[PDB]
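Data first, discussion second: the structure below is written as structure tokens.
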């Protein structure tokens, strides 16, 4: 992949990246490639739309520890409000959601 | 654009080049007793990082670990050693958990 121009640490600092846990996954009722994903941050939950249906079955996602951007502005995706986004690596062959390497408290901040 | 205060757009994330890498070497920082010098492979380039992981991970447990690197940060000199990036880790104040892809995907894979 291509090398990017350099940015400030302060640009990374703008993101509120957190560990969450997937609680429920359903097909997006109007978009065949998308899931509606309910993520727990502990005492809060967020509902996101993710383009993961081609890569993960719904039962492979339940209980998964994931990483989300927690201060993303909400967006309407074909009738569903998405409150954030999950992070996943992609090399064109596979898509790999990011995870902490240990169970850690939900809502933990990534830094 | 209109001020958004504490909220970000996708473009604020897209500014950051986040990659999967693999740790290929870990050494003690010669001027800082809590820090490691960590060499991370992106496949056909490597980056040298300084990480405060010595209190949480043994060197031999980091070798071969698939990690998540911010790959386009400005460099930073930490007590004589230039760090070229940073690894992402979850921290709840009790425990530190490096992020990893959930499978050993190709080195240099970009996060989206």
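Here Cβ is always computed from backbone atoms with ideal geometry, including for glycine, and neighbour counts include all displayed protein chains. Please treat every number below as a calculation from the coordinates, not as lab data.
Values as computed for the structure displayed
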read-out: Residue that is farthest from the other protein chains (Cβ to nearest Cβ) [pool: residues in segment B:42-59 that are farther than 22 Å from residue A:104 by Cα and surrounded by fewer than 17 Cβ atoms within 10 Å (Cβ to Cβ)]; value: B:48
read-out: Selected residue (criterion: farthest from the other protein chains (Cβ to nearest Cβ)) from residues of segment A:1-41 that are touching a residue at least 40 places away in the same chain (Cβ under 8 Å) and over 21 Å from residue B:99 (Cα atoms); value: A:29
read-out: Residue in segment A:76-111 that is nearest to residue B:19 (Cα to Cα), counting only those that are more than 7 Å from every other protein chain (Cβ to nearest Cβ) and assigned to a strand (DSSP E or B); value: A:95
read-out: Filter result for residue A:67 (surrounded by 16 or more Cβ atoms within 10 Å (Cβ to Cβ), away from chain B (no Cβ under 11 Å) and assigned to a strand (DSSP E or B)); value: no
